[PDB]
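Here the structure comes first, spelled out in structure tokens, and everything after it is commentary.
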Amino acid sequence: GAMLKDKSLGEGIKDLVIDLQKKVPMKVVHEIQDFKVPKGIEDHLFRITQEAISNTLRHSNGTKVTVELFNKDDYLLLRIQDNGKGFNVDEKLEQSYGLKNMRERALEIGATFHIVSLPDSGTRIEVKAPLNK
Ligand SMILES: Nc1ncnc2c1ncn2[C@@H]1O[C@H](COP(=O)(O)OP(=O)(O)O)[C@@H](O)[C@H]1O
Ligand SMILES: [Mg+2]
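Be aware that the sequence shown starts at 209, since it is given in the entry's author numbering, and climbs by one per residue.
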């Protein structure tokens, strides 16, 4: 896993995507809103993003994955959405270290963690992290 070090979350995501795009058959796109993410939660969100992308590339057999990062004042929203085959989260969740670790990173930063994956809907991961105005 890449590490952010000096970079903002947005910059880390964009740089990772640049590298991935050269190697992978899925189209990987980002929609990153320009706003300051609190330094304290950036690493956690980057670790979630990397796992979500990894799972999409390996497991979805889709053609496109989108990473979105939006500011909604009281919270930020991180969404990773693919158009692939989907899976049953319940069947996998408790035996799955990747999913369990994303959920734990979210908890550590006080954020919700949701996975919506249905046969015709692909897989969508959403994390809403609180922001203090
Ligand atoms: N985006 C996705 N599309 C389809 N299947 C997925 C996706 N993400 C996870 N899965 C399924 O959930 C399982 C558990 O995910 P994870 O805990 O990350 O395990 P892995 O080590 O296999 O990446 C995967 O093996 C795969 O079957
Ligand atoms: Mg995984």
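Backbone N, C-alpha and C define an ideal beta-carbon position, used for all residues, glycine too.
Of all alpha-carbon atoms in 227, 244, 297 and 243, the one lying nearest the alpha-carbon of residue 236 is that of 227. Cα atoms of residue 211 and residue 286: separation of roughly 18 Å, rounded to the nearest angstrom.
Out of 274, 244 and 316, the CA that lies nearest to the CA of residue 218 is found in 244. Measuring C-alpha to C-alpha distances from residue 334 to each of 220, 278 and 303 identifies 278 as the nearest. Assigned with DSSP and collapsed to three states, residue 329 falls in coil, not helix or strand. Sequence-distant partners of residue 241 (beyond 5 residues in either direction) whose C-beta falls short of 7 Å from its own C-beta, in its chain, are 277, 278 and 279. Per DSSP, residue 250 has no beta-bridge partner at all. Around the CB of residue 266, fewer than 16 other CB atoms lie within 10 Å, so the residue is classed as exposed. Counting only unbroken stretches of 4 or more residues, the alpha helix (DSSP H) elements lying wholly within the segment 281-323 are 297-300 and 305-316, in sequence order. Contact annotation, residue 283 with residue 336: C-beta distance approximately 5 Å; criterion of less than 8 Å satisfied. Going by C-alpha positions, residue 252 is about 14 Å away from residue 215.
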